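The chain that follows stands alone, in the form deposited in one PDB entry, written as structure tokens.
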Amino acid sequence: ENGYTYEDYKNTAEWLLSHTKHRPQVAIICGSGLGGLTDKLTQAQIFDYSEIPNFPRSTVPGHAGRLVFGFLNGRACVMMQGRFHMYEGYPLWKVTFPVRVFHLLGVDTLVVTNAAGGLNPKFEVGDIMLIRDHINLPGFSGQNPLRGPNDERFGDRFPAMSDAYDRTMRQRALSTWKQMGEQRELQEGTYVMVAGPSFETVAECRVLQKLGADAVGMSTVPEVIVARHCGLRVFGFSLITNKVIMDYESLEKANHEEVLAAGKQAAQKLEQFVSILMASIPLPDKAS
């Protein structure tokens, strides 16, 4: 909402259209380590956030941040490499501006990915978790991307989030994981957003556990929210880049400056999976 005016999203949308002969259908937001999806595209046309009209520029991780328009597995994409984060100082209305613009680009689906810690013991690092739901902690406190005057032009005042993670795409994804014959069934669970750049303490992991979160991370929830607000089909996965220590026999460390699951091929499986899934994302054509 706030900070930008509808014409900002307009201007930015039209500029992007008047600058890429591409017209996307699926918008993909790559989390840390899953930036590689950008190589799978063809017809790729790269834009640095910086150069696009009202697009939040990166603060430091620019060296991982640009918008790549291409084609992935028979689907016109618009990939966002290096998403924005609240912990980077971005107000949420900047963190989600891209989703808003995507929609105006004709985008009707958003697949959000991210790297998260494994709250659920079942999770093995490297596990890919289909996001079934989310606990939007900063949202409970007011840090919700929709705070401010609602633009009935993008959507309602009180969007329903109960149905955020497209049930359809989740069934398809669980199937496709199977069709691929991967063995380890695509994990699935609730994702809990938590801001602040620092990592959870043991006692905090336990509340995230209690609350019912399966994987903890610092992004995605606001994009899922302004996406649904616009009526974008949304589904996503989180790459369990590590397991959070629930007991005080902590020791073990797993910074971004580590990120080794995503600092490895675990992330590669997610990229290909997401690529395969382009084939299960309904076309705007429908065509019977």
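Residue numbers here begin at 1 and follow the sequence given. We call the rigid core the largest set of C-alpha positions that still match within 1.5 Å between the two forms.
The same protein also has a form deposited in another entry, omitted here; what follows describes it.
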- Sole member of 261, 26, 234, 230 with a C-alpha shift of at least 2 Å between the shown form and the other one (core-superposed): 261
- Message: Core superposed first: is there a CA shift of 2 Å or greater at residue 48 between the shown form and the other one?
- Response: no
- Note yes or no: does the Cα of residue 39 move by 2 Å or more between the shown form and the other one after the core is superposed? no
- Task: Please say whether the CA atoms of residue 261 and residue 127 come closer or move farther apart in the other form, knowing the change relative to this form is 3 Å or more.
- Result: farther
- Message: A 3 angstroms or greater change in CA distance between residue 116 and residue 260 is reported in the other form. Closer or farther than in this form?
- Response: farther
